[PDB]
């Protein structure tokens, strides 16, 4: 067993697995419109995504369990704030009342968002929450 047989294991070993991965990612992408329910991904929700990125919520929250651990999972927050029917209305309030100013509590900034922008944010979150996520998180709390 010399350096040559070592180096080839590396070469082919990784060519095999790159192609195998590229295959599966090809396969994955063709299930996405069902799994993520793209039929319901509206102009509203794509914009909500923008509002989300531009304000860096992921800088404090987790979405689908990836992000920052300072603040709650928002992936399923719909469920835990009057859900389908009144979430938009809540999130409208939720955003205008920040920061809450309880002393020593972790604080959320005031983003000065339009009622249009908040309303988008809400659909984006409502839609995020219905992705087939392999049944994650474990419970209502996220």
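Numbering follows the first chain given and starts at 1.
Relative to its counterpart among 133 to 141 and 3 to 11, 3 to 11 has the higher mean temperature factor, C-alpha atoms as listed in the PDB entry. Higher mean CA temperature factor between 90 to 98 and 37 to 45: 37 to 45, per the PDB entry. Taking only the listed residues 62, 31, 56, 76, the entry reports the highest CA temperature factor at 31.
For residue 20, the recorded CA B-factor ranks within the highest third of the chain. Only modelled residues enter the ranking. For residue 27, the recorded CA B-factor ranks within the highest third of the chain. Only modelled residues enter the ranking.
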